[PDB]
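Student: Next up is a structure, given as structure tokens.
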Protein chains: 2
Amino acid sequence: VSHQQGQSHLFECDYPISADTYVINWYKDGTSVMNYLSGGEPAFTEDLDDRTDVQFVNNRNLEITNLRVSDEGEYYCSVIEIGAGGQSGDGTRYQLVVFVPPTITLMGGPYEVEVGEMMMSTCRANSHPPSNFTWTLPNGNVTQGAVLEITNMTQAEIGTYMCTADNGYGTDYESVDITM
Amino acid sequence: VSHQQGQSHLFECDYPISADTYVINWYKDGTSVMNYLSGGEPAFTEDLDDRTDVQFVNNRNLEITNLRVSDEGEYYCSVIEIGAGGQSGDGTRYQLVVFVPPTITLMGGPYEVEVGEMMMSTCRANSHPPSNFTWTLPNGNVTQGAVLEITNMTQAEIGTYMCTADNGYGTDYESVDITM
């Protein structure tokens, strides 16, 4: 399940609780990030320690109201019923994705090139997951990879070059002219 | 055509230029934001003045590489051919949308309410365009509007309440418990 940064997500503890007294834990990648004893107060731990944007709702469910990329991971609750006939088990496991669409920045040059000289340009992008890159040359040809390289500048190489960055959660492009 | 903030957009001047000497202007909502004389240098004006993230590519096209919400508007180029038989005309008009998905923040209370007393909660969201809001009550009933209001707290009103914000370009929600 995916969201962008700053958005909320609520994980449901869907284990059938039937005891008057019980303990709930929420786990992130196998480590407890919240513990709760029925009738008490939820205590948030580890990655969720010192976060003001976390909530325990309906005495069951975990909510993070200001998602960060670092919040990504697998979440599930474990329930322990206290007293006679008391059972224990886990809720459904959820995989949280917090994505950031690509925004490109370009590093390199020169973009004005002497005949017979060279240039290099590295396309980069702020994103999550990390993006895949291509360069599109003035002739439409698509090159795979973040690095654009011209080794022997000719009248044939002058034109508009376009980087594209795509991480499955959005796309960005940026065009620059290479001239003599 | 839509993008998120920080992404690029390139507007094409698709007027058929056939003169050796010509002038190109780019307009935003009817006001010139760039002028260019063939063989000279592009000069960016008005809203595009003092922006380092603007480019004039292929002696034709306008590019903004760090989009802001304020960049929204209608864009088109106008071409003036200089000399004998010289013509003039406009390129295609484009409508640029720069959206921000909703991120909710909640304002109000109390969320612990005395019997017979009242509470109010106002759901808000950072977004563009501005979002439409609903509250979902513990009984599933969906109320339209950003404001949640409880006037006579009863055992019947306790439970989880959920605001949803949606602006056509994404959705966010946030759940809070109202108890006695």
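In the structure tokens, the first chain shown is A, the next is B, and so on; residue numbers restart at 1 for each chain, and ligands run from 1 in the order shown.
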Select residues of chain B: the criterion is any atom within 7 Å of an atom of chain A, counting only C-alpha atoms; output as a ChimeraX atom specification.
Tutor: /B:6-8,57-58,65,103-104,159-160,172-174,176-177
Student: Could you list, as a list in words, every residue within 7 Å of residue 34 in chain B, counting only C-alpha atoms and ignoring same-chain residues fewer than 6 positions away?
Tutor: residues 25, 26, 42, 43, 44 and 45 of chain B
Student: One number please: CA of residue 2 in chain B to CA of residue 54 in chain B, in Å, one decimal.
Tutor: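 Interatomic distance, CA of residue 2 in chain B to CA of residue 54 in chain B: 17.6 Å.
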Student: Can you work out which one of B:148, B:23, B:153, B:118 has the shortest atom-to-atom distance to residue 86 in chain B, counting only C-alpha atoms?
Tutor: B:23
Student: As a list in words, please: the residues near residue 120 in chain B (cut-off 7 Å, only C-alpha atoms, same-chain neighbours under 6 positions excluded).
Tutor: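 The residues satisfying every condition are residues 108, 109, 148, 149 and 150 of chain B.
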Student: Excluding residue 88 in chain A and its own-chain neighbours fewer than 3 positions away, which residues fall within 8 Å of it when counting only C-alpha atoms? Please give them as a VMD selection string.
Tutor: chain A and resid 78 to 81
Student: Would you export the selected residues with N, CA, C and O atoms as a JSON list (two decimals), in the first residue's frame, please?
Tutor:
[["chain", "number", "residue", "atom", "x", "y", "z"],
["A", 78, "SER", "N", 0.40, -8.15, 16.91],
["A", 78, "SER", "CA", 0.31, -9.42, 17.62],
["A", 78, "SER", "C", -0.55, -9.22, 18.87],
["A", 78, "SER", "O", -0.37, -8.25, 19.61],
["A", 79, "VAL", "N", -1.49, -10.13, 19.09],
["A", 79, "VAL", "CA", -2.44, -10.01, 20.19],
["A", 79, "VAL", "C", -2.27, -11.14, 21.20],
["A", 79, "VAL", "O", -2.19, -12.31, 20.82],
["A", 80, "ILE", "N", -2.21, -10.78, 22.47],
["A", 80, "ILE", "CA", -2.14, -11.75, 23.55],
["A", 80, "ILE", "C", -3.30, -11.56, 24.51],
["A", 80, "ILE", "O", -3.37, -10.56, 25.23],
["A", 81, "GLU", "N", -4.22, -12.51, 24.53],
["A", 81, "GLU", "CA", -5.34, -12.50, 25.47],
["A", 81, "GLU", "C", -4.91, -12.99, 26.85],
["A", 81, "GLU", "O", -4.25, -14.02, 26.98]]
Student: Quick one: residues within 6 Å of range 12-18 of chain B, only C-alpha atoms counted, chain neighbours fewer than 3 positions away excluded, as a compact mmCIF listing (two decimals) with N, CA and C atoms, in the first residue's frame?
Tutor:
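Wrote selection29.txt, looks like this:
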# COMPACT_ATOMS: atom_id res chain seq x y z
N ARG B 60 13.35 27.75 -29.89
CA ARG B 60 11.90 27.66 -30.10
C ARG B 60 11.13 27.56 -28.78
N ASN B 61 11.49 26.56 -27.98
CA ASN B 61 10.64 26.08 -26.90
C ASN B 61 10.98 26.61 -25.51
N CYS B 77 3.26 30.47 -27.74
CA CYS B 77 4.26 31.33 -28.37
C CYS B 77 3.66 32.13 -29.52
N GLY B 91 1.60 29.77 -31.79
CA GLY B 91 1.67 28.33 -31.61
C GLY B 91 0.45 27.86 -30.84
Student: Leaving out residue 135 in chain B and any residue of its chain fewer than 3 positions from it, which residues lie within 7 Å of it when counting only C-alpha atoms, given as a list in words?
Tutor: residues 142, 143, 144, 148, 161, 162, 163 and 164 of chain B
Student: Only N, CA and C atoms, please: the residues just picked out, written as an mmCIF file, in the first residue's frame.
Tutor:
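Here's the written file out_13.cif:
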data_model
loop_
_atom_site.group_PDB
_atom_site.id
_atom_site.type_symbol
_atom_site.label_atom_id
_atom_site.label_comp_id
_atom_site.auth_asym_id
_atom_site.auth_seq_id
_atom_site.Cartn_x
_atom_site.Cartn_y
_atom_site.Cartn_z
ATOM 1 N N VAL B 142 -21.250 9.128 5.881
ATOM 2 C CA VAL B 142 -20.354 10.149 5.348
ATOM 3 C C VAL B 142 -20.990 11.537 5.369
ATOM 4 N N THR B 143 -20.351 12.459 6.081
ATOM 5 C CA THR B 143 -20.799 13.843 6.140
ATOM 6 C C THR B 143 -19.955 14.693 5.196
ATOM 7 N N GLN B 144 -20.601 15.575 4.447
ATOM 8 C CA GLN B 144 -19.867 16.451 3.548
ATOM 9 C C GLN B 144 -19.417 17.699 4.292
ATOM 10 N N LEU B 148 -16.382 18.812 11.588
ATOM 11 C CA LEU B 148 -17.080 17.790 12.364
ATOM 12 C C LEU B 148 -17.643 18.408 13.640
ATOM 13 N N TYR B 161 -13.559 8.486 14.107
ATOM 14 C CA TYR B 161 -14.034 9.398 13.071
ATOM 15 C C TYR B 161 -12.925 9.639 12.054
ATOM 16 N N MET B 162 -13.284 9.688 10.775
ATOM 17 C CA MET B 162 -12.285 9.782 9.711
ATOM 18 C C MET B 162 -12.552 10.921 8.729
ATOM 19 N N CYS B 163 -11.598 11.838 8.615
ATOM 20 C CA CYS B 163 -11.661 12.852 7.569
ATOM 21 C C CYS B 163 -10.964 12.362 6.309
ATOM 22 N N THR B 164 -11.563 12.667 5.165
ATOM 23 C CA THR B 164 -10.961 12.386 3.869
ATOM 24 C C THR B 164 -10.858 13.691 3.093
#
